[PDB]
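See structure below.
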RNA sequence: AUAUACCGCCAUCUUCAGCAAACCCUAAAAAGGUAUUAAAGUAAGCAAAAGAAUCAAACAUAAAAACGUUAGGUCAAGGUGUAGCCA
Ligand SMILES: [K+]
Ligand SMILES: [Mg+2]
Ligand SMILES: [Mg+2]
Ligand SMILES: [Mg+2]
Ligand SMILES: [Mg+2]
Ligand SMILES: [Mg+2]
Ligand SMILES: [Mg+2]
Ligand SMILES: [Mg+2]
Ligand SMILES: [Zn+2]
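Residue numbers (the entry's author numbering), protein chains in the order written: chain B, 52 to 274; chain D, 90 to 115, 122 to 432; chain O, 52 to 153; chain C, 36 to 167.
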């Protein structure tokens with residue numbers, strides 16, 4: 052009874068890669084999708100210089116070795132959150148990828164907000180949605196900037212509500228408030244398409260893993 | 090005539106004259128006259144079964160009656176006593192405690208913040224006022240509109256505290272807005288052994304300089320009255336502080352929380368440098384007391400000990416140890432804080 | 052038997068486990084108070100406006116045998132007897148307390 | 036500005052009933068008439084006498100049920116019968132209401148020389164149409 | 001006696017478009033809070049609008065018109081605070 056619930060929720064945290072997210076991606080796979088391409092040196096943010104491999108003739112290059120480490124942590128965290136039945140909200144304001152990100156969220160079983168973000172959505176949610184509205188347990192920022200080249204309002208507002216954020220941060224982005232930054236290209240369709248696939252497979256695996264874990268432990272109770 | 094008589098609600102509205110040309114642009124008190132009247136009770140003293148007396152008494156169906164002149168006078172006098180007693184209750188009031196002065200709002204407790212969205216009670220938190228400004232502003236409604244800006248602080252006395260500013264046209268509204276906003280900005284303050292700060296703290300917030308000092312038990316709170324108020328909310332029991340420059344209440348409140356929330360616990364210092372943190376009390380002799388041990392790997396390189404430290408010293412702190420006479424105002428006998 | 056009072060229910064309800072001088076404030080002009088408290092709160096059976104913690108409660112007795120009361124007027128950490136402004140007792144009771152403690 | 040029978044706006048904290056909320060120009064549009072007799076119909080007499088009886092009957096009911104009336108009473112005259120329909124709060128004990136009905140009926144039947152009946156609908160508390 | 005204590009019932013701007021409250025946000029706020037290929041504002045009230053009336057339909061006409069402004073008018077519609085008269 053109590054042991055079974057403890058087994059479902061406490062066993063996954065005893066393994067470094069319980070969901071085996073390492074196999075989903077590789078440095079070569081990230082390099083095919085152009086995840087190492089950054090903005091020009093003029094557009095560089097000071098807090099991104101740790102993640103930049105160098106400047107290839109004006110174009111900053113993003114170290115895909117750090118990206119693999121950071122992406123591993125971000126995908127693992129996104130899986131445990133999905134495993135525990137937490138709410139995940141995908142957030143972006145890039146209009147080229149608005150439909151793709153809404154289709155990804157629907158496939159995963161999660162939520163997407165690709166439209167204009169209303170002031171107070173998270174800090175004043177009760178007024179907007181209702182008295183007992185449950186806020187997201189994790190926000191994945193495929194894009195952390197709005198269309199005026201400023202931080203998306205939900206980056207600061209998610210920190211105010213103590214919501215962890217998994218965000219894709221490029222050379223011009225500010226990762227300081229992103230809990231799990233993933234340094235990489237956010238503009239190329241092939242880069243965004245790869246990230247959307249990784250987040251969707253990871254979330255579906257964790258949800259499937261929970262179902263199987265529940266059946267095994269549940270079956271043991273009669274058996 | 091019976092047809093020129095109006096109800097009580099209309100009679101008091103006219104007599105009180107609350108809504109009027111004089112009232113709005115520049122004392123009569125309302126009373127309820129049906130408070131003590133029991134249906135069926137008249138000056139004549141008649142007794143009406145089923146209205147003002149039992150309908151059946153000891154199994155006997157009662158009939159109409161009237162009280163004697165003596166009995167009615169007693170009932171009349173009794174009601175007069177109850178009215179006077181009720182008036183005495185109205186006069187009686189529960190006095191609340193003053194703050195830093197009897198006519199000022201600083202230092203006055205206004206209770207805990209209101210419950211949260213899902214019945215999150217905050218009965219363990221206390222609210223204190225720090226500044227109350229009553230300022231008149233210019234708006235087309237009355238030409239010059241009124242506004243009350245109130246700075247408050249909240250804390251549970253166990254390390255969690257916060258402050259906020261509330262503005263409204265009414266002082267009551269400003270109190271509510273500031274009190275519930277501050278519960279959303281709760282810092283957690285680290286206390287050494289639950290009674291003092293972990294180390295000396297010196298900082299300048301804009302033009303307000305604060306200089307706090309860690310003190311032994313029983314030293315008390317020898318600080319600016321506003322710092323005493325906040326320290327009680329935080330839970331600090333023994334500390335010294337000096338405030339110089341501007342005495343702006345907001346800069347002092349912001350600067351205080353800025354320094355108290357950025358302090359380094361002994362465990363943090365042990366982890367950063369990898370060495371043991373040892374404490375030497377003069378009342379315990381040479382006995383070394385281990386207050387924090389590094390969580391990971393203990394280092395073996397001794398921390399460099401310079402022959403002469405390059406610390407930047409404050410003349411105010413050093414001046415005392417140099418034998419210079421202090422002011423007549425220093426270290427006076429004061430009530431327990 | 053003065054020590055009995057401090058163990059009775061009446062004491063607990065009025066004072067709890069806090070000292071008897073905890074909820075006392077002196078009325079004075081200015082922010083810095085005078086360096087001495089009033090000489091005495093009781094003169095010829097008359098009581099002053101804001102009787103001190105000892106004087107306001109008649110059942111409290113300053114006796115060397117009533118150690119539980121005396122401890123409230125001594126610092127637990129340094130063992131120094133508090134000066135009268137600290138607790139707000141009048142100078143008459145402070146001298147009497149100091150003699151009882153000694 | 037018109038001040039007639041208009042419960043003016045406060046600051047959103049004043050509980051007005053349906054009858055009080057509507058100004059005079061909504062009579063016959065959103066709210067009906069509290070008294071219904073035939074004395075104001077065309078070619079009918081005794082309007083003055085029916086109206087005077089109504090004024091008294093309203094002052095009598097307020098005093099006889101002091102603080103127990105949730106809304107204005109409704110007077111209905113059919114033939115020589117008078118019917119008083121009052122919403123009354125549940126403050127008084129039940130047996131007290133039986134006394135005031137027996138008293139107020141008999142007293143008004145011997146005063147106006149008609150059969151008078153009192154109809155009381157008890158509410159737990161005043162019904163609030165809107166907060167103005 | 002006092003409309004310069006008021007209620008009640010009105011005039012005036014006026015068929016002018018505003019008044020008031022609960023929240024949220026700011027490297028502090030004396031204040032402010034908009035961008036639609038959207039950048040912090042949100043969600044409810046009162047007025048307007050709509051609806052109803054002039055017994056089809058429209059238009060028109062009435063009605064409606066908040067908060068304030070003029071200590072505007074009315075103690076003589078009635079009621080009433082305070083002061084005054086009672087051979
Ligand atoms: K008037
Ligand atoms: Mg980019
Ligand atoms: Mg005073
Ligand atoms: Mg006037
Ligand atoms: Mg005149
Ligand atoms: Mg119409
Ligand atoms: Mg209209
Ligand atoms: Mg005038
Ligand atoms: Zn004394």
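Positions of the beta carbon are idealized from the N, C-alpha and C atoms, including for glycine.
Is the stretch 163–182 of chain B touching the stretch 86–103 of chain B in the sense that three or more CB pairs, one from each, lie closer than 8 Å?
-> no
Taking residue 278 of chain D as the reference, give the member of D:346, D:248, D:327 with the closest Cα.
-> In the second chain, counting from the first residue as 1, residue 278 of chain D sits at position 183. The residue with the shortest Cα to Cα distance from residue 278 of chain D is D:248.
Top-ranked residue by Cα proximity to residue 214 of chain D, from B:115, B:237, B:149, B:183 | Your numbering for residue 214 of chain D matches position 119 in the second chain. Selected option, being the one with the closest Cα: B:183.
Backbone CA spacing between residue 173 of chain B and residue 211 of chain B [nearest angstrom] = For the purposes of this step, residue 173 of chain B is taken as the residue at position 122 of the first chain. For the purposes of this step, residue 211 of chain B is taken as the residue at position 160 of the first chain. Whole-angstrom Cα-Cα distance: 9 Å.
Using a Cβ-Cβ cut-off of less than 8 Å, give me the residues of the stretch 302–319 of chain D that come near chain O, in sequence order.
-> 311, 312, 313
Give the straight-line distance between the Cα atoms of residue 162 of chain D and residue 141 of chain D, rounded to the nearest whole angstrom.
-> If you number the second chain from 1, residue 162 of chain D lands on position 67. If you number the second chain from 1, residue 141 of chain D lands on position 46. If you take the alpha carbons of residue 162 of chain D and residue 141 of chain D, they lie about 6 Å apart.
Using 10 angstroms around the beta-carbon of residue 405 of chain D, count the other beta-carbons present and answer buried if the total reaches 16, otherwise exposed.
-> As a first step, residue 405 of chain D is located in the second chain; it is residue number 310 there, counting from the start. Counting Cβ neighbours within 10 Å, residue 405 of chain D comes out exposed, since fewer than 16 surround it.
Identity of the residue in D:158, D:301, D:264 nearest residue 350 of chain D by Cα = Start at 1 with the first residue of the second chain, and residue 350 of chain D comes out as number 255. Answer by Cα proximity: D:301.
Pick from C:41, C:76, C:127, C:143: whose alpha carbon is nearest that of residue 61 of chain C?
-> Locating residue 61 of chain C in the fourth chain gives position 26, where the first residue counts as 1. Comparing Cα positions, the closest option is C:41.
Does residue 286 of chain D come within less than 8 Å of chain O when only Cβ atoms are used?
-> Residue numbering aside, residue 286 of chain D sits at position 191 when the second chain is read from its first letter. No, residue 286 of chain D lies away from the interface with chain O (no Cβ there is under 8 Å from its Cβ).
So, residue 124 of chain O versus residue 152 of chain O, is the Cβ gap smaller than 8 Å?
-> What you label residue 124 of chain O is simply residue 73 of the third chain in a count that begins at 1. What you label residue 152 of chain O is simply residue 101 of the third chain in a count that begins at 1. Yes, the Cβ-Cβ distance between residue 124 of chain O and residue 152 of chain O is below 8 Å.
What is the rounded straight-line gap between the Cα of residue 88 of chain C and the Cα of residue 132 of chain D?
-> Translated into the one-based positions of the fourth chain, residue 88 of chain C becomes position 53. Translated into the one-based positions of the second chain, residue 132 of chain D becomes position 37. The straight-line gap from Cα to Cα measures roughly 28 Å.
Inter-residue spacing [alpha-carbon to alpha-carbon] between residue 159 of chain D and residue 144 of chain D | For the purposes of this step, residue 159 of chain D is taken as residue 64 along the second chain, with counting starting at 1. For the purposes of this step, residue 144 of chain D is taken as residue 49 along the second chain, with counting starting at 1. When rounded, the distance between both Cα atoms is 6 Å.
Compute the distance between the beta-carbons of residue 390 of chain D and residue 372 of chain D, then report whether it is under 8 Å.
-> Mapped onto the second chain, residue 390 of chain D falls at position 295. Mapped onto the second chain, residue 372 of chain D falls at position 277. No; because the gap between Cβ atoms is not below 8 Å, this pair is not in contact.
How many angstroms separate the CA atom of residue 65 of chain O from the CA atom of residue 356 of chain D?
-> Position 14 of the third chain holds residue 65 of chain O. Position 261 of the second chain holds residue 356 of chain D. Rounded to whole angstroms, residue 65 of chain O to residue 356 of chain D spans 38 Å at the Cα level.
Report yes or no: do the stretch 199–208 of chain D and the stretch 221–230 of chain D share at least 3 C-beta pairs separated by less than 8 Å?
-> yes
Can you tell which of B:69, B:219, B:145, B:252 has the C-alpha that lies nearest to the C-alpha of residue 198 of chain B?
-> By 1-based counting over the first chain, the position of residue 198 of chain B is 147. Nearest option by C-alpha distance: B:145.
Can residue 129 of chain O and residue 313 of chain D be called in contact, C-beta distance under 8 Å?
-> Position 78 of the third chain, counted from the start, is the residue given in the question as residue 129 of chain O. Position 218 of the second chain, counted from the start, is the residue given in the question as residue 313 of chain D. Against a cut-off of 8 Å, the Cβ pair of residue 313 of chain D and residue 129 of chain O comes out as a contact.
Is the shortest distance between the beta-carbon of residue 92 of chain D and the beta-carbons of chain C less than 8 Å?
-> The residue labelled residue 92 of chain D in the question sits at position 3 within the second chain. Closer than 8 Å to some Cβ of chain C, the Cβ of residue 92 of chain D qualifies, so yes.
Evaluate contact between the stretch 101–117 of chain C and the stretch 103–114 of chain D, counting only Cβ atoms and requiring at least three cross-stretch pairs below 8 Å.
-> no
Do residue 121 of chain O and residue 148 of chain O have their C-beta atoms within less than 8 Å of each other?
-> In the third chain, residue 121 of chain O corresponds to position 70, counting from 1. In the third chain, residue 148 of chain O corresponds to position 97, counting from 1. Taking 8 Å as the Cβ cut-off, residue 121 of chain O and residue 148 of chain O qualify as a contacting pair.
Compare the C-alpha of residue 225 of chain B against each of B:63, B:190, B:255, B:200 and name the closest.
-> Against the first chain, residue 225 of chain B aligns to sequence position 174. Selected option, being the one with the closest Cα: B:200.
When you compare only the Cα positions, how much space is there between residue 63 of chain B and residue 270 of chain B?
-> Looking up residue 63 of chain B in the first chain gives position 12. Looking up residue 270 of chain B in the first chain gives position 219. Each residue's Cα considered, the two are about 19 Å apart.
Quick one: which chain D residues come within Cβ less than 8 Å of residue 101 of chain C?
-> The residue you call residue 101 of chain C lines up with position 66 of the fourth chain. 129, 132, 134, listed in chain order.
Close-in-space but distant-in-sequence residues of the same chain around residue 364 of chain D (CB under 8 Å, 5 per side omitted) | Stepping through the second chain from its first residue, residue 364 of chain D is reached at position 269. Contacts found: 372, 387.
In chain order, which alpha helix (DSSP H) runs of at least 4 residues are fully inside the stretch 49–104 of chain C?
-> 53–56, 82–99
Is residue 305 of chain D near ligand 9, in the sense that its beta carbon is under 7 Å from a heavy atom of that ligand?
-> If you number the second chain from 1, residue 305 of chain D lands on position 210. Not so, every heavy atom of ligand 9 lies at least 7 Å from the Cβ.
Relative to ligand 4, is the shortest distance from any of its heavy atoms to the C-beta of residue 110 of chain D smaller than 7 Å?
-> Within the second chain, numbered from 1, the residue matching residue 110 of chain D stands at position 21. Checking the Cβ of residue 110 of chain D against ligand 4 gives yes.
Would you call the stretch 203–221 of chain B and the stretch 154–173 of chain B in contact, with 3 or more CB pairs under 8 Å?
-> yes
Of all the residues that make up the stretch 110–129 of chain O, which are near chain D by a beta-carbon distance shorter than 8 Å?
-> 126, 127, 128, 129
Does the beta carbon of residue 160 of chain D sit closer than 8 Å to a beta carbon anywhere in chain C?
-> Taking the second chain and counting its residues from 1, one reaches residue 160 of chain D at position 65. False, the Cβ-Cβ gap to chain C never drops below 8 Å.
So with Cβ pairs under 8 Å, would you call residue 102 of chain O a contact of chain D?
-> Taking the third chain and counting its residues from 1, the one referred to as residue 102 of chain O is at position 51. Taking Cβ atoms only, chain D never reaches closer than 8 Å to residue 102 of chain O, which makes this a no.
Measure the C-alpha to C-alpha separation of residue 413 of chain D and residue 101 of chain O and round it to an integer number of angstroms.
-> Position 318 of the second chain, counting from 1, holds the residue named residue 413 of chain D. Position 50 of the third chain, counting from 1, holds the residue named residue 101 of chain O. If I take the Cα positions, the gap works out to 42 Å.
Between the C-alpha atoms of residue 120 of chain C and residue 38 of chain C, what's the straight-line distance to the nearest angstrom?
-> By 1-based counting over the fourth chain, the position of residue 120 of chain C is 85. By 1-based counting over the fourth chain, the position of residue 38 of chain C is 3. Distance between the alpha carbons of residue 120 of chain C and residue 38 of chain C is about 28 Å.
Are the CB atoms of residue 236 of chain B and residue 86 of chain B nearer to each other than 8 Å?
-> Locating residue 236 of chain B in the first chain gives position 185, where the first residue counts as 1. Locating residue 86 of chain B in the first chain gives position 35, where the first residue counts as 1. Taking 8 Å as the Cβ cut-off, residue 236 of chain B and residue 86 of chain B qualify as a contacting pair.
For the stretch 197–243 of chain D, list the beta strand (DSSP E) runs that are entirely contained and at least 3 residues long, ordered along the chain.
-> 204–206, 221–234
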